[PDB]
**Student:** 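What follows is a structure written as structure tokens; I'll ask about it next.
Numbering starts at 1 and runs along the sequence shown.
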Amino acid sequence: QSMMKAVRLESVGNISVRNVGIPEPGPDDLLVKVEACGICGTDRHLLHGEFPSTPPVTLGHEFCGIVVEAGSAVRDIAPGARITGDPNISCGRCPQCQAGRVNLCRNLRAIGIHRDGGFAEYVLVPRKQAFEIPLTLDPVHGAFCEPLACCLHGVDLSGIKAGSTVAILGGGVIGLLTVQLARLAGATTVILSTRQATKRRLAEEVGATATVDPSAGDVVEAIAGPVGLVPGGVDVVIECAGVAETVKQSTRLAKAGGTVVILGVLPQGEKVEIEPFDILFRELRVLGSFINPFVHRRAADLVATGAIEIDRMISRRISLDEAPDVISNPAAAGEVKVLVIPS
Ligand SMILES: [Cl-]
Ligand SMILES: [Zn+2]
């Protein structure tokens with residue numbers, strides 16, 4: 001019996017590396033030897049039971065790798081191909097799916113959450129979830145397709161286009177990837193707000209036209225105020241931090257007729273005040289953005305053509321053995337994206 005290492009969430013709070021069997025693909029599965037799998041903030045929430053999962057389960061939903069076996073019914077992608085996985089499996093039979101809102105599937109199952117995922121030497125990927133990418137690519141770049149796709153969906157919803165002005169709240173990987181996508185989509189002012197000096201510097205290396213530090217003063221005044229960067233406000237505000245203060249400020253950062261996108265996850269049940277008078281009289285849009293419907297191929301293409309800076313987003317590369325400790329502890333100060341490299 002051939003074995004592999006895998007980072008298993010045994011039950012809420014209980015995570016460790018175990019030896020498990022190398023899985024055997026069903027007729028429509030690919031078996032993929034993982035080249036890299038990113039750690040997400042969602043993985044820490046999964047560990048602590050703050051998002052639901054189906055333990056015992058191998059975590060990891062931001063992965064790419066080389067196909068080593070194809071199921072009998074797969075004629076399309078052969079061993080040797082590189083793929084990135086879309087972890088989100090929609091059912092195709094519920095009212096959300098039948099209306100094309102596959103991200104809102106009522107029966108959604110996610111690789112790395114309800115099914116064994118990418119923090120392992122090998123992972124099963126149903127054919128429909130596999131997106132081929134070039135073999136000439138850096139082996140780890142494919143791991144960014146999922147987070148890029150989530151950000152690209154948010155940028156699509158925002159209406160960013162040539163000449164837009166944009167404020168991005170939060171200096172995590174989501175904020176930084178959204179800086180890059182804002183510029184690619186045509187925004188000519190892209191401002192990132194974060195208290196972390198290291199993240200402001202990185203934002204400017206990857207396309208931010210300016211950055212602001214919320215410690216130095218009121219961000220609403222610094223951006224949208226009379227002597228701010230963009231007096232009267234920006235076209236588009238994308239809240240990426242999932243923090244109450246910045247969700248609250250987002251509408252006041254937007255110009256009249258502007259758009260706020262809620263891309264960051266604030267804790268369930270937590271409440272924030274809006275002013276309905278202002279939303280109406282300044283004709284604002286407030287839009288939720290959820291995961292990656294119909295954007296994984298575009299994201300994979302952007303990675304394939306080198307349109308996005310990926311290397312600067314990688315703060316650390318770790319082994320499977322190191323993953324449980326990194327996931328069990330809070331994100332480090334200079335952490336952008338940690339990649340788990342199974343070998
Ligand atoms: Cl962020
Ligand atoms: Zn469905």
**Student:** Using every non-hydrogen atom in the two residues, find where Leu320 and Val7 come nearest and quote the distance to one decimal.
**Tutor:** O-CG2, 3.7 Å

**Student:** Can you tell me how far CD1 of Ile168 sits from OG1 of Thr211, rounded to the nearest 0.5 angstrom?
**Tutor:** 11.5 Å

**Student:** Is the backbone N or O of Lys337 less than 3.5 Å from a side-chain atom of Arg316, with the two atoms forming a donor-acceptor pair by type?
**Tutor:** no

**Student:** Run the side-chain contact (heavy atoms from CB on, under 4.5 Å) check on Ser315 and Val338 step by step: do they pass?
**Tutor:** CA-CA 6 Å; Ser315 55; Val338 178; 4.2 Å; yes

**Student:** Could you walk me through whether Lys5 and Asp321 pass the salt bridge (charged side-chain N to carboxylate O under 4.0 Å, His left out) check?
**Tutor:** CA-CA 9 Å; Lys5 293 184 170 138; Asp321 290 324; 3.5 Å; yes

**Student:** Taking the side chain as everything from C-beta on, heavy atoms only, tell me whether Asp278 gets closer than 4.5 Å to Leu284.
**Tutor:** yes

**Student:** Check this for me: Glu273, atom CD, are more than 12 non-hydrogen atoms of other residues, nucleotides or ligands nearer than 6.0 Å?
**Tutor:** no

**Student:** Are any of the side-chain heavy atoms of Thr246 and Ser193 separated by less than 4.5 Å?
**Tutor:** no

**Student:** So do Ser250 and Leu169 actually touch side chain to side chain, heavy atoms under 4.5 Å?
**Tutor:** yes

**Student:** Between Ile308 and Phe144, is there a side-chain heavy-atom distance shorter than 4.5 Å?
**Tutor:** no

**Student:** So which heavy atom on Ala6 is nearest to which on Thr58, and how close?
**Tutor:** CB-OG1, 3.8 Å

**Student:** Inspect the surroundings of CZ in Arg109 and state if more than 12 heavy atoms from other residues, nucleotides or ligands are less than 6.0 Å away.
**Tutor:** yes

**Student:** Rounded to the nearest 0.5 Å, what separation is found between the NE2 atom of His141 and the CD atom of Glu35?
**Tutor:** 11.5 Å

**Student:** State the NZ-CD distance between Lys248 and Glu275, to the nearest 0.5 angstrom.
**Tutor:** 11.0 Å

**Student:** Would a single hydrophobic cluster contain both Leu339 and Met313, if residues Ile, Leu, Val, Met, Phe, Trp and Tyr are joined by side-chain heavy-atom contacts under 4.5 Å?
**Tutor:** yes

**Student:** Quick one: CG on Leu46 to OG1 on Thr54, what's the gap to the nearest 0.5 Å?
**Tutor:** 10.0 Å

**Student:** Carefully, step by step, assess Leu124 and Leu31 under the rule side-chain contact (heavy atoms from CB on, under 4.5 Å).
**Tutor:** CA-CA 5 Å; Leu124 285 187; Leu31 181 69; 3.8 Å; yes

**Student:** Restricting to non-hydrogen atoms, name the atom on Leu263 and the atom on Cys240 that form the minimum distance, rounded to 0.1 Å.
**Tutor:** CD2-SG, 4.1 Å

**Student:** Test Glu245 against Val272 for side-chain contact (heavy atoms from CB on, under 4.5 Å), laying out the working first.
**Tutor:** CA-CA 8 Å; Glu245 169 185 283; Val272 174; over 6 Å; no

**Student:** Looking only at non-hydrogen atoms, find the nearest pair between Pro25 and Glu69 and report the distance.
**Tutor:** CD-OE1, 3.5 Å

**Student:** Is the backbone N or O of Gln129 less than 3.5 Å from a side-chain atom of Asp86, with the two atoms forming a donor-acceptor pair by type?
**Tutor:** no

**Student:** Run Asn103 and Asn88 through side-chain hydrogen bond (donor to acceptor under 3.5 Å, both in side chains) and show every step you take.
**Tutor:** CA-CA 8 Å; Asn103 56 329; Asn88 301 312; over 6 Å; no

**Student:** Donor-acceptor check, side chain of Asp325 to backbone of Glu322, threshold 3.5 angstrom: yes or no?
**Tutor:** no

**Student:** Would you say the side-chain atoms of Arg101 pair up with the backbone N or O of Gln96, donor to acceptor, closer than 3.5 Å?
**Tutor:** no

**Student:** Hydrophobic clustering (ILVMFWY, side-chain heavy atoms < 4.5 Å, transitive) - are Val234 and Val220 grouped together?
**Tutor:** yes

**Student:** Just by modelled atom types, is the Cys64 backbone N or O under 3.5 Å from a matching donor or acceptor in the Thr84 side chain?
**Tutor:** no

**Student:** For residues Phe290 and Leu181: do they belong to one hydrophobic cluster (side chain heavy atoms under 4.5 Å, members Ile, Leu, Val, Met, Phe, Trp, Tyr)?
**Tutor:** no

**Student:** With distance as the sole test, does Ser11 use its side chain to make a donor-acceptor pair with the main-chain N or O of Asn14 at under 3.5 Å?
**Tutor:** no

**Student:** Give a yes or no answer on whether the side chain of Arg127 reaches the backbone of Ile77 with a donor-acceptor pair at less than 3.5 Å.
**Tutor:** no

**Student:** For the residue pair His114 and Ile89, establish whether any side-chain heavy-atom pair is separated by less than 4.5 Å.
**Tutor:** no

**Student:** Is any side-chain heavy atom of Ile223 closer than 4.5 Å to a side-chain heavy atom of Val237?
**Tutor:** no

**Student:** Please list all pairs passing the side-chain hydrogen bond (donor to acceptor under 3.5 Å, both in side chains) test where one or both residues lie in residues 169-191, with sequence neighbours left out.
**Tutor:** none

**Student:** Are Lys255 and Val230 packed together at the side-chain level, in the sense that at least one heavy-atom pair is separated by less than 4.5 angstrom?
**Tutor:** no

**Student:** Between CG of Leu30 and CD1 of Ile66, what distance do you get to the nearest 0.5 Å?
**Tutor:** 12.0 Å

**Student:** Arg282 side chain to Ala254 main-chain N or O, any donor-acceptor pair under 3.5 Å?
**Tutor:** yes

**Student:** Work out which heavy atom in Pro342 is nearest to a heavy atom in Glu121; give both atom names and the distance.
**Tutor:** CB-CA, 4.0 Å

**Student:** Under the 3.5 angstrom rule, does the side chain of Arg298 hit a backbone N or O of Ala149 as a donor-acceptor pair?
**Tutor:** no

**Student:** Which residue in the set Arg200, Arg195, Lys199 passes salt bridge (charged side-chain N to carboxylate O under 4.0 Å, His left out) when paired with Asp213?
**Tutor:** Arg200

**Student:** Could you go through the side-chain contact (heavy atoms from CB on, under 4.5 Å) check for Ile174 and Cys150 one step at a time?
**Tutor:** CA-CA 9 Å; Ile174 296 309; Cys150 296; 5.6 Å; no

**Student:** Answer with yes or no whether the hydrophobic clustering places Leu302 together with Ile291; edges join I, L, V, M, F, W, Y residues whose side-chain heavy atoms lie under 4.5 Å apart.
**Tutor:** no

**Student:** Which heavy atom of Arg285 sits nearest to which heavy atom of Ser158, and what is that distance?
**Tutor:** NH2-O, 3.3 Å

**Student:** So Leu176 and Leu192, do their side chains get closer than 4.5 Å, heavy atoms only?
**Tutor:** yes

**Student:** Could you tell me how the ring of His296 sits relative to the ring of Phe131: parallel (under 30°), tilted (30 to 60°) or perpendicular (over 60°)?
**Tutor:** tilted

**Student:** With rounding to the nearest 0.5 angstrom, report the CD to OG distance, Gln196 to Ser215.
**Tutor:** 10.0 Å

**Student:** Would you say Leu253 and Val247 are hydrophobically clustered, going by side-chain heavy atoms of ILVMFWY under 4.5 Å?
**Tutor:** yes

